[PDB]
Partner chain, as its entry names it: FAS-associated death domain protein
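A single chain comes next, written as structure tokens; it is the form solved without the partner chain.
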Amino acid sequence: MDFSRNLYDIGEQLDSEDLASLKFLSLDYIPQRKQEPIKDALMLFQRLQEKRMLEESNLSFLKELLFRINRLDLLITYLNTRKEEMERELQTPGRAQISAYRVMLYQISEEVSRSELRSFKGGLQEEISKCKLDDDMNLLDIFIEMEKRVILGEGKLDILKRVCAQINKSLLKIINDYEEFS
């Protein structure tokens, strides 16, 4: 079993959208300055290797990442791991290395379409009146900007709840489930 070759194959199966998701889910471990030049999965994987969060004897964070972006094909094909195992692994307290807050945010972005995204940008242009938002931003970039302005965080969901309420109610359902589990 060649470790580096398996990492390369997994990286070859991941496009730029998958990579943006993986970078968002790793924000608490890879800071912005190191995130900027990451343009393929290998670079990302190599940074995870430098922190020893990914090595031949420790695939936990890689499996968690691939599970959170719903790449079960890669789990089964390259890591010999099924969906149930992950599910029973991540429910054991203390083993999930991606915070429930980050995951929550990602899941919200998974349920927002393009029109819902444009209305989201309009409502947040409302809350931040002194800065034009970039016109290409996805919801993850918006969340990152909100975190930078400390108007969004583990204990600051007011603006997120308000904007989501003016868009769709299932988003509020996701938020409230996150709040109740904690």
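Residues that one form lacks are left out of the comparison. Residue numbers count along the first chain shown, from 1. Between two forms, the rigid core is defined as the largest C-alpha subset superposing within 1.5 Å.
One more form of this protein, solved in complex with the partner chain, exists but is not displayed; see below.
Residue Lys130 is the only one in 129 to 153 with at least one heavy atom within 4.5 Å of the partner chain in the bound PDB entry. Per-residue Cα shift between the shown form and the other one after core alignment stays below 2 Å for all of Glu36, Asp134, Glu56, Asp40 except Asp134. Core-superposed comparison between the shown form and the other one places the only run of three or more consecutive residues whose CA atoms all shift by 2 angstroms or more at 126 to 135.
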